[PDB]
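> sequence-free structure coming up:
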Ligand SMILES: CC(=O)N[C@H]1[C@H]([C@H](O)[C@H](O)CO)O[C@@](O)(C(=O)O)C[C@@H]1O
Ligand SMILES: CC(=O)N[C@H]1[C@H]([C@H](O)[C@H](O)CO)O[C@@](O)(C(=O)O)C[C@@H]1O
Ligand SMILES: CC(=O)N[C@H]1[C@H]([C@H](O)[C@H](O)CO)O[C@@](O)(C(=O)O)C[C@@H]1O
Ligand SMILES: *[C@@H]1O[C@H](CO)[C@@H](O)[C@H](O)[C@H]1NC(C)=O
Ligand SMILES: *[C@@H]1O[C@H](CO)[C@@H](O)[C@H](O)[C@H]1NC(C)=O
Ligand SMILES: *[C@H]1O[C@H](CO)[C@@H](O)[C@H](O)[C@H]1NC(C)=O
């Protein structure tokens, strides 16, 4: 055959055909298509600029580098989220504003398939796009899968508070990609009039963010947030960030006289000079000893008055705005093993007691952000339920998760519903087989777990039972359907109640059935404890 | 009450309220308002670029840094000139393009008070805006006072002689501030139709430079030059200025292949590296031995073809240009103590002889520019009188005070009158009680001594005698009056005649009154000796 | 009397009159006129931007800097080509985009003499326009002589094969210069409507590229490629250029993660650092050990997509374009010394047999580009004649000369004629008395030997036999004659047949007369071998 050559605004791109088991027309895969001028030099800590066009045929057939990050963390995370056979080894570089397209269309003849842009998670500190392969999700549901990349950590979120570096560069890059989709996805047999953005974790948050953003307007028509929203404190910083900006500055060896000089100096820094800082700053890790309130969690989404004019807990009160179908879901055990294992959570002891717990919950401030005077009544309502210690640890994990995703997700759901727009919700309760040999079997539906199903891992990786194969094949149809009509439902699929006043949702998994009031009892509990 | 918040073209500005004995209305003070994008990175050695708008409310409540300069030399000059009880220490930074504002207007009401933009002095090498508190002047004479900082030294006046680095970067910034006042001052209760500029020493010169510049036309409607004008050669480089550049580059450790390579190489140097280079050139201090010509004088205004299209001398010959009220005044003993005290002049024995005076005068070529074969002729007209070593040391000083300010001022003042525009001259004759201890109690009208009766020091510092209080209240009246109507006159004020054909001027002091033909004798003389 | 004062587009320029012994009309000489801004800092590896306008009278009285190149080599070349009295010492600089003018016109009036823009050669690595003095030519044939410069080595030809750095910067310069010519030459007595470009060696290839380039169209009306055309393989990089880039980047100490990264990294390096790399690569020198194929001889012309949309071999096949009188020429013994010497060829023995030559033509792969299976066929065709190991050398040399200048130059002529356009050819056969004392007297008409004739060296230097002086005149008239009407023929000059189907050319030397079929058997044979 002849490699597929799609004509774009900036030039002619070249991909490779990949036939999937059980299909006729192979899928044209494009890896490494630039969507914005490489953010190097004076372009560090600034909005993404349009990319220069090319003279011939760009052979975009290799995996683009992942934005600079913790190479060991990034490779680790890439190994736990991938859906393809073997994980792919990637490189780091400032030049990472790329994306990948998996169109199962017949380029020869005009096509207009729905598009599904995927925003990967990774706490805005790590992660990449190539990690997620759409091949299966593309062919199986006839949708063009697009995976984008955006600057991470310092590169994408360093902010001095003022205007010499408002911040949210990462989120501006996601918006920049979406713009590229709107202007190019058509030549790939996709439809710019039906783009659906969906993410998981940080990516999940980024989604909710772009939703409340005035910039992201008309760039998408449907959104999906998997485990993580905008009301998820940990990723959204509020208040005077100057201190954090200065703290990074000094660490890099930069005078702090004025924000202007600060930003200027960091521009004088190299990639390694900034990768070492990202390391010394120790992000994505809970610092035991030291006042919890001081511990810096991570550089993330901020209020720059551009991408986000106000905080999320503000924009949700207003109705006068653009609304679109929004699917928001969570997992049974978000804080089961993944996160803890990563952030090196102090649980090696086995069980936990009313006293010891109170400490962690407190020291976990950079995550749950809970006032010390609350820890007591907090641990009681959750762990105090039984004298059993082996259940305190579990209830502690179920607790830590209900604060980061539980209540938050539901609160975003109710408002979106109230705002006067289509709203759906789910709860993944399944344990993948592609998990790690080091993950306990007592943990079902951990963090991100739903991804394997969503990205049809059962069809790439081997050793998957027919049960799991049918599950994954199912969630893709729901997802795909939601992408099409904005309503997940269809023929051959269980009924998914629209999250309205009845507050019903779908329990996906072994037995995929509907249910009502998700974490309701819980939300209410925190709707007061968090109000003193 | 509630901190002052004003809306400017670039964003909101948060100020602070300050009260003053005798006035109910609290004066609003804004510190550190940026009138340009921090001239950093490649912006070095280039025109002032418009500031970037902030997205929220900028806190203009801190003292802005002063442009990089001799940290000690600069701090010292600030202690001396300051008009506040307690001097304020300052940080050094390249990011120094800011201005302070003092409005005695109620910002919750429409107000259009005349504006007085002050340009500090310091040989274009040192100085700052935060040094001069506008509080008194403003309240007392009901006007808006704006102290601005402009680029100094290398950063402000480094020229290669050509398009790769014209020069006068500092003068541009000055104008850059005027354009800021014209498009913003209206928000701080200022009338953009009555902007008056007034400087002292180096500031007095530049104020004259704007008067001859096309770029400044329509940015001010009244000017005041205190102890400094454009013909004051020292602060205006003439002839090929390339050599200076090459010697500045060489010192800084730069190549000198071409002009371009030169400018480009300095842009690469660091603030610390140029600051260390500024201290190697030894710019303020007057050398002793060696040949006067080889002696490196200083940087300064230059004929670039933008700010000035030709030497101040020529320019003053054409009246076809627009004209505005100009007030040019000097001080009885300009070279009395202040200047020498810093330049470490060879005065110590308290007495000077004929033979030595000629030798010294010559060693001051960078300050007077007189041929050694002429010195004899001059040293006679002044020192040919009484044969007393003491009266000589005092006469040799009145000698420099004439060749620096005296003659140059009057000629500038005379040429303005000849142009057909309102002119007013003055001579300060008073010794404030705010001087140092190392200052001889026999110097009446030292350099800058008016700066205490102009910025109402008697109402900010302690001790001020009623006489010294009555003086200050009188100058501020004349000054504000000039700024308002372009005429210093008003109620309860002696008559100040216009420097018309009768050549009348004012002798401000304990007992103020009008006179005639100020320094008319020396001018006539010095104009002749310069026959050659 | 007073220096010439011409007013160009970007400003006034001052030059100096210099008369040539004999001529009453003095020639106006200008040196160092910038036709582009200096490609320093961020403008490196980018297209030449228009020069910045100056405000006064720029003195064009010093020789401009020759672009960065090997200092030793750069001098050596300047010494073996210069036609002026005493060689001139030159400085290196990134800022070198300048051209020299030698107008013989009487600037006070309005003259429109023909203009000849000379593009100096040097392998696109070393060279300089100040080397060639045009006082003679401009005077003797009454024409405006121009000597333009253009980025070299890495600085003018580093390409990655993508938009991040397409390449051909040096060519893009030669163009920008030609443009400056069209918009300014008029004020120097020249006729922008009758421009004629010409250059030797790499300079010549540049002519052949402009003529074949669509951008170049309308920037000239006559062309002269002396010893070098666009079909001289060694100068035009075909295939994937990315490999060479990853080689340079690595030698300059850079990361090769992406092309966008390689460039950014090379832009940081100091001009001296890159020069180091230029000396590390070892260009212009024959790699005796290694792989003749992997041994990149020198980066150069490429098919960017801006200047060249396709290989010159695919361009000539299209008569659908703009045609202009072209004069292609070659010398009797091109690879007879100057080249074998500079490259340090192992022919110090003064002889060599077949088993050696066959091995030599191989290592010479970067020049001849002959396969390892053709070596015998080509060796047996040029050396299989005699057995005299000394005369087998002059044939091996003549061999390399035919594949680089011989055949190629002719094929270019045959294609220009056959495309319908005035074509002319010549073979210079003379040994100037200005040759190095190290060049054998047996080598006649070596690379560059015509220069001493074209620029009339016999009139600026001493020791010109009565014969040469005459030759130098004749060729000069021929040249200017071709610049005047695209026809070398005139009065008192041997008839020069147009290179039509009879393939008539002119043999220039001691005895000058036409001939037919130049290198006929040569182009034949060689096209056969290369047919694979
Ligand atoms: C340097 C490399 O090998 N990678 C490839 C890159 C990719 O675009 C980016 O790395 C992202 O995939 O550029 C090409 O695609 C191209 O423009 O022809 C070819 C090249 O092979
Ligand atoms: C030195 C400087 O100018 N930057 C300062 C700005 C100023 O508000 C604006 O610059 C206007 O002065 O913000 C601070 O004052 C602040 O309160 O956080 C600190 C910061 O150093
Ligand atoms: C500006 C510079 O530093 N270069 C030299 C120039 C050259 O003509 C070219 O502009 C650059 O070499 O000549 C000068 O004399 C001039 O008056 O411009 C100054 C200097 O010697
Ligand atoms: C600006 O000053 C106000 C006082 O009115 C204060 O509330 C605010 O914190 C200051 N800005 C910041 C973010 O420090
Ligand atoms: C410029 O050239 C003129 C030529 O006479 C000369 O008078 C002047 O001194 C030169 N300027 C410089 C660079 O010194
Ligand atoms: C790029 O890939 C295409 C498709 O196989 C191939 O034909 C071409 O030679 C390759 N060239 C580059 C740019 O690496």
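In hand now; what should we look at? Residues are numbered from 1 along each chain as shown, chains lettered A, B, ... in the order given. Ligands and ions are numbered 1, 2, ... in the order given.

> and the stretch 301-450 of chain A, which residues reach chain B?
By Cβ under 8 Å from any Cβ of the partner chain, the residues of the stretch 301-450 of chain A that approach chain B are A:304-306. For every residue, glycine as well, the C-beta is placed using N, CA and C.

> 6 Å - rerun?
residue A:305 (Cβ under 6 Å from any Cβ of the partner chain).

> just chain A next, same as before
So chain A meets chain B at A:163, A:257-258, A:260-261, A:264, A:305 (Cβ under 6 Å from any Cβ).

> is it true that residue A:484 touches residue A:112?
No. Look at residue A:484 against residue A:112 with Cβ atoms under 6 Å: they stay out of range, at 11.8 Å.

> okay, the two: which has more neighbours?
Between residue A:484 and residue A:112, counting by other Cβ atoms under 10 Å in any protein chain shown, residue A:484 is the more crowded of the two (19 against 15).

> I'd like the distance between the more buried one and ligand 1.
For residue A:484, the distance to ligand 1 (Cβ to the nearest ligand atom, to the nearest Å) stands at 30 Å.

> so is the nearest residue to that residue once chain neighbours are set aside in a helix, a strand, or just coil?
Nearest residue to residue A:484, sequence neighbours excluded (Cβ to Cβ, 6 or more residues apart in numbering or on different chains): residue A:114, at 5.2 Å. Of the three states, residue A:114 takes strand under DSSP: H, G, I helix; E, B strand; the rest coil.

> what is the neighbour count of residue A:114?
22.

> dump the residue contacts of it.
Shown here is residue A:114, whose contacts under the criterion Cβ atoms under 6 Å, 6 or more residues apart in numbering or on different chains are A:143, A:191, A:194, A:483-484.

> number of residues surrounding residue A:94?
Using other Cβ under 10 Å, residue A:94 has 24 other residues around it.

> ok, it to ligand 4 distance?
Distance from residue A:94 to ligand 4, by Cβ to the nearest ligand atom: 30 Å.

> what of residue A:468?
For residue A:468, the distance to ligand 4 - Cβ to the nearest ligand atom - is 51 Å.

> ok, that residue touching residue A:457?
No. Judged on Cβ under 6 Å, residue A:468 makes no contact with residue A:457 at a distance of 8.9 Å.

> of the two, which one has the most company?
residue A:457 (26 against 20).

> now the more buried one. Nearest residue, chain neighbours left out?
residue A:83 (3.7 Å).

> I'd guessed that neighbour sits against residue A:455; true?
Yes. With contact defined as Cβ under 6 Å, residue A:83 reaches residue A:455; the gap is 4.1 Å.

> so these two - more neighbours on which side?
Neighbours per residue (other Cβ under 10 Å) separate residue A:83 from residue A:455, with residue A:455 holding more: 29 against 24.

> which part of the stretch 351-500 of chain A gets nearest to ligand 4, residue-wise?
Going by Cβ to the nearest ligand atom, ligand 4 is nearest to residue A:369 of the stretch 351-500 of chain A, at 19.6 Å.

> now that residue: how far from residue A:229?
Here the criterion is Cβ to Cβ, to the nearest Å. By it, residue A:369 lies 15 Å from residue A:229.

> over to residue A:115?
Separation of residue A:115 from residue A:229 (Cβ to Cβ): 22 Å.

> likewise for residue A:477?
24 Å.

> who has more neighbours, those two?
A count of neighbours by other Cβ under 10 Å puts residue A:229 above the other of residue A:477 and residue A:229, at 27 against 18.

> phi, psi for that one please.
phi -130, psi -170 (degrees, to the nearest 10).

> is it in contact with residue A:410, as I believe?
No. Applying Cβ under 6 Å, one finds residue A:229 not in contact with residue A:410, separated by 9.3 Å.

> pull the contacting residues for the closest residue to residue A:249 other than its chain neighbours.
Distance criterion Cβ to Cβ, 6+ apart; nearest residue to residue A:249, sequence neighbours excluded, is residue A:262 at 4.8 Å. Shown in contact with residue A:262 (Cβ under 6 Å, 6+ apart): A:160, A:249, A:254, A:256.

> relative to residue A:200, how far out is the closest residue to residue A:425 other than its chain neighbours?
Excluding the flanking residues, the one nearest residue A:425 by Cβ to Cβ, 6+ apart is residue A:505, at 4.0 Å. According to Cβ to Cβ, residue A:505 and residue A:200 sit 18 Å apart.

> comparing those two, which residue is more hemmed in?
Legend: neighbour count by other Cβ under 10 Å for residue A:505 and residue A:200, higher for residue A:200 (28 against 25).
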